[PDB]
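Novice: Sequence plus experimental coordinates follow:
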Amino acid sequence: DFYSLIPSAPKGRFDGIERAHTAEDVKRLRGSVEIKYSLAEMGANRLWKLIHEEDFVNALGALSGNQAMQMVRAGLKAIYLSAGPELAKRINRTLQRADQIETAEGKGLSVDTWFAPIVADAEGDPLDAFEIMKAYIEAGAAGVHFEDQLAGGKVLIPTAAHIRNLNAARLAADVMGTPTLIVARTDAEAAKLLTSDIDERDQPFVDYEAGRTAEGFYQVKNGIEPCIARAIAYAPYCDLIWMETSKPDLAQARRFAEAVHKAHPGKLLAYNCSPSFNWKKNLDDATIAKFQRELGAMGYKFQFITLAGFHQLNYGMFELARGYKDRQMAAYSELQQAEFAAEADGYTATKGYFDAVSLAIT
Amino acid sequence: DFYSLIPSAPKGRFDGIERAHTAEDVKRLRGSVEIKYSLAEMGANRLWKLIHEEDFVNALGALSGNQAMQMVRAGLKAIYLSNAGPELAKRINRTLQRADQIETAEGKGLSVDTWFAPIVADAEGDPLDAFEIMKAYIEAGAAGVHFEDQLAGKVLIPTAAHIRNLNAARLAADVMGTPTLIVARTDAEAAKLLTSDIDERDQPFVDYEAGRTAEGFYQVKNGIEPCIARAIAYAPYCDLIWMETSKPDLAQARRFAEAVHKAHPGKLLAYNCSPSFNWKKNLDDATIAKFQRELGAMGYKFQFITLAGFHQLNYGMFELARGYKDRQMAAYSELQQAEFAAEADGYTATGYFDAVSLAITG
Amino acid sequence: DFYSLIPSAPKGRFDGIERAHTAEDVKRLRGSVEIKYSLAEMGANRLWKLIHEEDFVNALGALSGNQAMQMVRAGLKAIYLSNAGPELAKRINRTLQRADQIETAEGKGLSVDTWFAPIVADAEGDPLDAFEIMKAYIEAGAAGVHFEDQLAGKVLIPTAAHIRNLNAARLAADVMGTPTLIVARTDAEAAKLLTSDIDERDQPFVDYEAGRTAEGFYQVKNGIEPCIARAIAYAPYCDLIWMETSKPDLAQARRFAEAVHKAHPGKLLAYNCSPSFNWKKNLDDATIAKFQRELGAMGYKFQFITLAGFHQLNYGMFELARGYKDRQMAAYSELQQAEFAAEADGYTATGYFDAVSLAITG
Amino acid sequence: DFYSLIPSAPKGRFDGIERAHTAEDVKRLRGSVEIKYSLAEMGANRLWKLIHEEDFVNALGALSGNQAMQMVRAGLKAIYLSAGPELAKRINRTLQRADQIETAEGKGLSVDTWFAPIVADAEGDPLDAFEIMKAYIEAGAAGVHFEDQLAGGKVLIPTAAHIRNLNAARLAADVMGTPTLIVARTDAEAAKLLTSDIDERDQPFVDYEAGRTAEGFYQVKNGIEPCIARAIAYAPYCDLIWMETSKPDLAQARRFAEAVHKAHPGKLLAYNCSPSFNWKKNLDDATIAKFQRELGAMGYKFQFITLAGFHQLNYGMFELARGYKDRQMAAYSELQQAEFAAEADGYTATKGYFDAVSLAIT
């Protein structure tokens, strides 16, 4: 019924997914004209393929089209984006240009595809979620995540209110006509505040004895337990479930995964490997080395480091600028030589389109 | 074969059109993926239909999505506009989409033939810029773009250079895969300068006895004759030919169409009905009344007033503000009463998100 | 002492104004550099002057730089507008600057008191958003910003929360170093919901016998009484108080001003003259004629029609396009003749860069 | 005479500078209102200070505000920028935020100033130069470079036409009221084409025997010689002279400098150290190490690597993504540990403002 509204949807795309709305609701909200969203269809479908066929898909947070491009050139199969739809659009433009540069230079395709799926952070209530989903679909995003926190510490929203938001995003995907992936994130591991205790599913985790904050928020007992409950409640309304964590731990990841799987067998999971966590201090080399592999086997099929690009950029430029300050051109020469050494690995920035365009014109 | 590269192109769309490049050139520049540009395909095909079926298509320059929407509301069949251009084209289309979505959701049918009236846009450096600007307009959902032969008194570029711009625009449209209309505009009626006498076709109009100017420009005999020569040369590289004029003159317009039609019978033409020309002072009431109808019969199938939105916006607000200053709310109530009175004629600017909310909260 | 931190602030600018923060708080947040915000200083100081010197200042909502320019051209003394907001404020000011530059270069004197009419703008999440949005508007050159107490039927936030928004906006203005006007708007006349009953000042209006709603909102007695209570509480944290109304009513407006003035004599007020209200149908011609003058005498020193530009734009283009469809150039010539006729009253939209070129080519 | 129009201008700022226009031209084009451009005044004045007091100022090309910020944090005294004014604005925003973070965290100033001068590439004829200069002054740029090429290979414009552009930029700086630095760049070392031979200063370097290209351009004999002539012609119309070079060579840099100094003793020079040139292959370690120092002594007081940020970003992310592909978290851990090791050097991204703002509010 919904499969005909979403012509590019693969077989079994919506197995286990519940919608608040109806097929007639989608048609009514659709307009009279069909507009194709090619990048979004392709991306969503490639991401759906990958998370079902690979041991796991890992991604890094990109700040720019060039960063995204290097990730794809390096062999990574997806892009994470942490202003959002604008960057997704910019990213898809530079990926398109990389593909076009290759084909115009007479070169074959050096990657699975230049259009690696983009999974983006949707940063209001349900009409906001609706509009943002649309924006990302227009931009060509493959998947979009929605978190149950409100824009001390983080403030959660009621379970029912997040479920409305997830439903609003599915409705937006349905109206656009794309099988766009929806990721539900819970912030309940570290969140100490909650807007309202109205939802009975949330009242078990309320620290009533702390009373309300001066601003009227409820105080909550954080940890894995409310994350499990929330994840279970969200499961029918998303494609992947994500528990935000600032303390990476395989045993806790396993605890979460098994608990979710009791209620929803085979449910696909997402995992953020925290860039703030001190990996080397807390985990031995062998644990660090196997971490993503072992998470993948638990059902964490989409894994990422949110601020990877940020850390890489800032650290790279600081070191560059420091050497340049003290040793001037010797510093840049070191970078250049490193770039040269990487060309064997597949680096191309040192080793055309507007030449081929020009010849076609004349 | 170019019809395979542009699958929405109607039969005979490219009769009489010459391309400097090949189908293989298109493939090499397109890349490995086919992105659909639905609104661009729709707009181009609708404009193509309109100019072959209507006595003529007349448009007004829109400055905003709302102005454009009112044009379509009132029964106009096309929109004119002059990176801000593509952004405006994108905005107009968003506003048109909304109007369509609102009326679809109301389930009473549409109040218009279609909300997606074709947009014809002004592409006002070289042929690579023409290529990129055409790409941007197609992404925006524009139906036609015009390219002029003046360097941005006026200074012409060589005939060969403009043909390169025109072909680059066609190349762009072929790569995107859309049958976008190209309008060639000549500024030779008034222009007395030319960048270079390189082209044999321009040389007969060069005043060699006079020097180059201090800027190095060639001096050139202006008027209808160079307009005719350039039009005839441009004709195979565009879909409509447009001679710019400062003086609206039915006799000259007939002279131009006849000369162009000598070389290319049935060639479709466009005409700007100058907003800066004082119509009532220089033309009698009957000539004004028949002006556009007369042009249509000569082959001017696309006609427009470039700054119509600008003058309408500025005058209306001046007068409102003058009344508001003088008599406060009385002045606004008069506007409001005029809006109600207009409702009989299809005015509506005195729902959808309500129906969205409803769909979410099921 | 805050006058040192805001050097353009006129004498007594801050009489009766309370700040939750200190001068030292301002210094720590300002940083080591003092950036000048000339248009913001000018606008704020001019608005401050106008509202203390004029019977009242009345404005219309502008949608573009050109609309705003026509308002000033026609003799209006201020502009109303509702990240798009700050961008529009910046655009309006650019257009005003140009108008000023054009007339200065013509060396005949200006046709207005000043081109830089104060802009009052709508700041439509929390107090940090209010802080950032105020900063953006000040950079844009806005003179005043309004902040409302509804969550973006309507749902109120607690009285204490809005005071935090208001103070954050003041903090923002102090940090930027500008005497920007803050308008507090209350939506309590119509609002029946409240996010939290945390604040003792709101509790007397809460219907405790009714539950919370399904979303967790408190149900609340609406009307002028909670408007009065909130206004009085907001008064020390703003420069003008604004009660939102859907029904224009001189008697209620007097009732509100009198009650507010009980607590804070001489408090300046603002009033939106609703565009959606049917004026002629619900008010007699004399009441309409006197409406704004009457409000001014009660202390409503800033009055505005929020959507005036929208209705004027949409109606004018609808009618133009209707005439154009029917009679082509005749319809435009009529507009043009109306523009010429208006020139007598100071209309000019029927030079500078010429004088620039001249200066370059010496 | 001009010093009073530019109140922040230091003593001797305009020694040796010729203007086509007059002080009265500036006043006429100024408007009636004075708008301060604090970042532009400060930046231009700090850059003027530095290039006169330091052995040389070296800079790297920044792609983003964060890159710029790390450069400043590393101790570099200026920023190079190679969409432009928008990025300069973004850069100045993130530099302001770094300063504000420090002061709000109770920390002293860890750098000379966070507002390191920005020198930017101005990427039309003289009215374009005028408008771009203004845009950059608004954005807070310290200096702006204008090149004598037109938007096979590069095409030069006549000497007179570039001089018009330089004059247009000075007029824009004069009208804005800022002592903004102007850099004249010549592209004559590698450029093989020229739009027109109209200027007798250019005719000595025209390869008449090659004839005109099919597009009408003249062919030119490139190298140091036409660079010297052009630089000498531009000298009175700029603050720094820059010869674009793709082959770094001290002897040639010296030849250029001495030749310019014969005509204009003490003239300040700029130099781009090419990122495409293979440093290690062509120069020995000792030459690489002294390169900038020795250039500085020749009068090259502003030196830069145009695409440094681009190369750093692309290379950094490629290597990151490669290790991550093959070793997952081990790769990120290596980056993190390197970030930790750099904190001793002054790196802070791993080791607040919206906390201090929040406390001030409440």
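Specialist: Received, thanks. Residues are numbered from 1 along each chain as shown, chains lettered A, B, ... in the order given.

Novice: how about the helices in chain A?
Specialist: Secondary structure of chain A, counting by DSSP state H: helices at A:23-28, A:38-53, A:65-73, A:84-104, A:126-139, A:159-176, A:224-234, A:250-263, A:279-282, A:285-298, A:308-327, A:329-342, A:353-361.

Novice: As TSV, these with distance to residue A:199 and mean neighbour count would be great.
Specialist: The way it works is simple: take the backbone N, C-alpha and C, and place the C-beta from them, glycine included. Listed next are these as TSV, based on distance: least, CB to CB, whole Å; neighbours: other CB atoms under 10 Å in any protein chain shown:
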stretch	distance to residue A:199	mean neighbour count
helix A:23-28	24	17
helix A:38-53	30	21
helix A:65-73	38	26
helix A:84-104	28	20
helix A:126-139	15	22
helix A:159-176	5	24
helix A:224-234	9	22
helix A:250-263	18	16
helix A:279-282	35	14
helix A:285-298	28	17
helix A:308-327	35	23
helix A:329-342	52	19
helix A:353-361	54	17
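
Novice: TSV for the ones you listed, including distance to chain B?
Specialist: TSV is the format used below for the helices of chain A (distance: least, CB to the nearest CB, whole Å):
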stretch	distance to chain B
helix A:23-28	4
helix A:38-53	4
helix A:65-73	13
helix A:84-104	4
helix A:126-139	5
helix A:159-176	5
helix A:224-234	15
helix A:250-263	23
helix A:279-282	37
helix A:285-298	29
helix A:308-327	24
helix A:329-342	25
helix A:353-361	4
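
Novice: any chance of those in TSV, with distance to residue D:281 too?
Specialist: Shown next, in TSV, are the helices of chain A (distance: least, CB to CB, whole Å):
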stretch	distance to residue D:281
helix A:23-28	62
helix A:38-53	41
helix A:65-73	24
helix A:84-104	26
helix A:126-139	43
helix A:159-176	53
helix A:224-234	56
helix A:250-263	48
helix A:279-282	37
helix A:285-298	37
helix A:308-327	18
helix A:329-342	9
helix A:353-361	25
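
Novice: Could you point out which of the ones you listed sits nearest residue C:161?
Specialist: helix A:159-176 (18.7 Å; CB to CB).

Novice: other SSEs contacting that closest one?
Specialist: With contacts taken as 3 or more CB pairs under 8 Å, 6 or more residues apart in numbering or on different chains; DSSP states H and E, helix A:159-176 sits against helix A:23-28, helix A:126-139, strand A:143-147, strand A:181-186, helix A:224-234, helix B:352-360.

Novice: Next, the angle from that helix to helix A:224-234.
Specialist: When axes from the mean of the first three to the mean of the last three CA atoms, to 10 degrees is applied, the directions of helix A:159-176 and helix A:224-234 differ by 40 degrees.

Novice: Extract the CA atoms of helix A:159-176 and return them as CSV.
Specialist: In CSV, the C-alpha atoms belonging to helix A:159-176 read as follows (Å, rounded to 0.1, in the frame of the first residue of the first chain):
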residue,chain,number,x,y,z
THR,A,159,8.6,9.1,25.0
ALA,A,160,5.3,9.9,23.2
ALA,A,161,6.6,13.2,22.0
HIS,A,162,9.7,11.6,20.4
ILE,A,163,7.5,9.0,18.8
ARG,A,164,5.4,11.8,17.2
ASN,A,165,8.7,13.3,15.8
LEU,A,166,9.7,9.9,14.4
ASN,A,167,6.3,9.5,12.9
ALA,A,168,6.5,13.1,11.4
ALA,A,169,9.8,12.2,9.7
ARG,A,170,8.3,9.0,8.2
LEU,A,171,5.4,11.0,6.9
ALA,A,172,7.8,13.5,5.3
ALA,A,173,9.7,10.6,3.7
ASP,A,174,6.4,9.1,2.5
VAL,A,175,5.2,12.4,1.0
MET,A,176,8.6,12.9,-0.8
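
Novice: Distance-wise, check the closest residue to residue A:338 other than its chain neighbours relative to residue B:136.
Specialist: Once flanking residues are discounted, residue A:338 sits nearest to residue D:315: 6.5 Å by CB to CB, 6 or more residues apart in numbering or on different chains. Look at residue D:315 and residue B:136: by CB to CB, to the nearest Å, they are 31 Å apart.

Novice: Close to chain C: what parts of the stretch 1-150 of chain A are there?
Specialist: Listed as neighbours of chain C in the stretch 1-150 of chain A under the rule CB under 8 Å from any CB of the partner chain: residue A:124.

Novice: In the stretch 1-150 of chain A, what residue comes closest to chain D?
Specialist: Relative to chain D, the nearest point of the stretch 1-150 of chain A is residue A:74 (3.5 Å; CB to the nearest CB).

Novice: Enumerate every residue touching the closest residue to that residue other than its chain neighbours.
Specialist: For residue A:74, the nearest residue in space outside its immediate sequence neighbours is residue D:321; the separation is 3.5 Å by CB to CB, 6+ apart. Residues counted as contacts of residue D:321 (CB atoms under 8 Å, 6 or more residues apart in numbering or on different chains) are A:60, A:70-71, A:73-76.

Novice: run the last query once more with 6 Å
Specialist: Applying CB atoms under 6 Å, 6 or more residues apart in numbering or on different chains to residue D:321 gives the contacts A:70-71, A:74, A:76.

Novice: Over to residue A:219?
Specialist: Here residue A:219 is in contact with A:207, A:210 (criterion: CB under 6 Å, 6+ apart).

Novice: Could you give the bridge partners of the nearest residue in space to residue A:147 that is not next to it in sequence?
Specialist: Of all residues not flanking residue A:147 in the chain, residue A:185 sits nearest, at 4.1 Å (CB to CB, 6+ apart). Per DSSP bridges, the residues bridged to residue A:185 are residue A:147, residue A:242.

Novice: Neighbours of the residue of the stretch 1-150 of chain A closest to chain D, how many?
Specialist: Counted with other CB atoms under 10 Å in any protein chain shown, the neighbours of residue A:74 add up to 23.

Novice: I figured it hits residue D:322, correct?
Specialist: Yes: counting by CB atoms under 6 Å, residue A:74 does reach residue D:322; the two are 4.6 Å apart.

Novice: which residues are there in the stretch 1-150 of chain A that come within reach of chain D?
Specialist: Proximity of the stretch 1-150 of chain A to chain D (CB under 6 Å from any CB of the partner chain) is limited to residues A:66-67, A:70-71, A:74-76.

Novice: Tell me which of the helices and strands packed on helix A:159-176 lies nearest to residue B:117.
Specialist: The nearest among the helices and strands packed on helix A:159-176, by CB to CB, is helix B:352-360 at 20.1 Å.

Novice: Mind listing residues that contact the closest one?
Specialist: Under CB under 6 Å, 6+ apart, the answer for helix B:352-360 is A:21, A:25, A:126, A:164, A:167-168, A:171, B:101-102, B:105.

Novice: If we use 10 Å, what do you get?
Specialist: A:19-22, A:24-26, A:28-29, A:125-127, A:129-131, A:164-172, A:174-175, B:98-99, B:101-107 (CB atoms under 10 Å, 6 or more residues apart in numbering or on different chains).

Novice: How about stretch A:19-29?
Specialist: A:1-6, A:126, A:130, A:163-164, A:166-168, A:170-177, A:236-237, B:101, B:104-107, B:352-353, B:355-356, B:358-362.

Novice: buried residues in stretch A:145-164?
Specialist: A:145-150, A:154-164 (16 or more other CB atoms under 10 Å in any protein chain shown).

Novice: What about the residue of the stretch 201-350 of chain A found nearest chain C, how many residues nearby?
Specialist: Using CB to the nearest CB, the closest approach of the stretch 201-350 of chain A to chain C is made by residue A:216 at 3.2 Å. Close neighbours of residue A:216, defined as other CB under 10 Å, add up to 19.

Novice: ok, now the one 5 residues further on?
Specialist: The number of residues packed near residue A:221 is 13, by other CB under 10 Å.
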